[PDB]
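One structure is given below, encoded as structure tokens.
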Amino acid sequence: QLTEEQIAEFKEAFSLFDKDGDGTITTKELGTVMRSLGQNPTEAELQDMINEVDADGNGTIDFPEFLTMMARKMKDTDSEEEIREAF
Ligand SMILES: [Ca+2]
Ligand SMILES: [Ca+2]
């Protein structure tokens with residue numbers, strides 16, 4: 001239901017954040033991507049983004065947490081699209 005190619009696209013997306021390729025997205029890395037996107041999250045915001053999806057509380061987001069976020073975002077999106085369909 002999440003599909004191989006999607007997890008592969010998620011891994012690839014993950015590496016856009018996990019820039020040192022260390023397997024985790026750290027608030028720095030998120031912050032760096034966020035800023036490259038012209039956003040300017042605060043550490044608190046970044047930390048909080050990391051924190052919401054940091055299932056294991058180790059302070060960074062590893063691929064499985066990332067995938068879970070993305071998977072659920074994907075679910076949520078589909079579910080919102082469905083609701084939009086009904087709206
Ligand atoms: Ca990293
Ligand atoms: Ca983690």
Side-chain angles (χ1 to χ4, degrees):
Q1 250 54 298
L2 154 64
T3 108
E4 163 176 319
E5 193 163 78
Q6 276 160 216
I7 114 206
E9 263 130 31
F10 295 137
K11 256 298 255 294
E12 158 181 54
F14 180 87
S15 60
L16 291 178
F17 283 75
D18 173 30
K19 263 180 258 200
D20 58 6
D22 83 322
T24 70
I25 306 172
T26 229
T27 57
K28 300 136 273 335
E29 279 175 324
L30 181 48
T32 143
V33 166
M34 288 305 282
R35 296 183 293 270
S36 86
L37 292 184
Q39 247 92 233
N40 283 96
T42 63
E43 316 300 12
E45 289 162 322
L46 262 3
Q47 192 60 239
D48 201 82
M49 281 158 80
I50 291 318
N51 290 172
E52 350 148 290
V53 314
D54 181 22
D56 73 359
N58 78 349
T60 54
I61 127 107
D62 61 22
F63 186 59
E65 292 168 336
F66 182 87
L67 214 207
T68 135
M69 172 182 73
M70 297 305 176
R72 146 191 85 8
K73 178 61 164 177
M74 168 167 58
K75 215 199 340 85
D76 279 4
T77 292
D78 294 310
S79 151
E80 298 149 351
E81 296 173 327
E82 211 203 318
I83 299 135
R84 168 183 130 70
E85 285 146 34
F87 267 123

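Whatever order the structure lists them in is the order used to number ligands and atoms, beginning at 1. Both backbone and side-chain heavy atoms feed into the values below; hydrogens, waters and symmetry mates do not. In this chain, numbering begins with 1 at the start of the sequence shown.
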- Can you say whether the rings of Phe63 and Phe14 are parallel (under 30°), tilted (30 to 60°) or perpendicular (over 60°)? perpendicular

- Specify which N/O/S atom of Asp54 comes nearest to the Ca ion (ligand 2), by atom name. OD1

- Message: For the CD atom on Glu81, are there more than 12 heavy atoms of other groups (residues, nucleotides or ligands in this structure) within a distance under 6.0 Å?
- Response: yes

- Message: Only N/O/S atoms count here: what is the atom of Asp20 closest to the Ca ion (ligand 1) called?
- Response: OD1

- Query: Any side-chain heavy-atom pair from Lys19 and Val33 closer than 4.5 angstrom?
  - Reply: yes

- Residue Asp56 atom name (nearest to the Ca ion (ligand 2); N/O/S): OD1

- Task: Confirm or rule out an N/O/S atom of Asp62, from backbone or side chain, lying less than 3.0 Å from the Ca ion (ligand 2).
- Result: no

- Query: Quick check: does any side chain N or O of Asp18 sit under 3.5 Å from a backbone N or O of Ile25, one acting as donor and the other as acceptor?
  - Reply: no

- State whether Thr60 contributes an N/O/S atom found under 3.0 Å from the Ca ion (ligand 1). no

- Task: Go through the side-chain N and O atoms of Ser15 and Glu12 and say whether any donor and acceptor fall under 3.5 Å apart.
- Result: no

- Do you see an N/O/S atom of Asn58, backbone or side chain, under 3.0 Å from the Ca ion (ligand 2)? yes

- Query: Rounded to 10°, how big is the angle at the Ca ion (ligand 1) from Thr24 O to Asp22 OD1?
  - Reply: 90°

- Query: Name of the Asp18 N, O or S atom nearest the Ca ion (ligand 1)?
  - Reply: OD1

- Hey, what do you get for CZ (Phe10) to OG1 (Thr68), rounding to the nearest 0.5 Å? 11.0 Å

